[PDB]
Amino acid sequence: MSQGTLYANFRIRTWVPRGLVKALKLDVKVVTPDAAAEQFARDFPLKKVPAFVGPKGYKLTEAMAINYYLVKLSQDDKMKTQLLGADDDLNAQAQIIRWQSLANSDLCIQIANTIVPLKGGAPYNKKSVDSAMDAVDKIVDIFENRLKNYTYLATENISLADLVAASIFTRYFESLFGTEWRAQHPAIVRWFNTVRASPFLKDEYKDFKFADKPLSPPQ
């Protein structure tokens, strides 16, 4: 466990970091707060996750940050260049960050304006939720349009972008993207499955419920 410890439970924001450790074979210890909170609190008094701790007492939080950090810890140059793009390949690095952003922002935003409300986890509002969905459809189209002539989002390899964007899409495929949806958004589906299958996410998508019943309003 020389390379550090990654305090992470099983929340979507933890999936990639966890997968990264496995797939990149990082010498990083993965633990859940419950598995050792006497240490989690001492290292992260804010008891927030994902939380990473490397030697010399380095601390770091926020998924994105940890994801990037972990990737760089890897010694597999080909992998690093594949996930974040080559140093001499700026065009790619940027593009990866582009989608890395559309997903992490543009699409992930609406979850708290749709999934949360519908799943009855916050005050429901037809006018609102229905307006949030429109946002979702706007982003969803950005994706589909690209996935239609391209295998992956920012390159011709699964990149850190695809990984993250895949994790975000998850909750949507469980509460909002049903049969009729998947029928009109093939590319997204195609792409989604290929990304889940990877060693990066495979173990996180064990029992995955592909909803076919777009959660309807309260009651």
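Heads up: residue numbers just count along the shown sequence, starting at 1.
Comparing 48-56 with 152-160, the stretch with the higher mean C-alpha B-factor in the PDB entry is 48-56. Remark: stretch with higher mean C-alpha B factor among 131-139 and 80-88 is 131-139. In this entry, the residue among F40, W191, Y68, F169 with the greatest C-alpha B factor is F40. For the set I96, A122, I111, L73, the PDB entry puts the maximum C-alpha B factor at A122.
Remark: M64 belongs to the middle third of its chain, ranked by C-alpha B-factor as recorded.
Residue-level temperature factors show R182 in the highest third of its chain, judged at the C-alpha atom.
Among all modelled residues in this chain, the alpha-carbon of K206 has a temperature factor (C-alpha) in the highest third.
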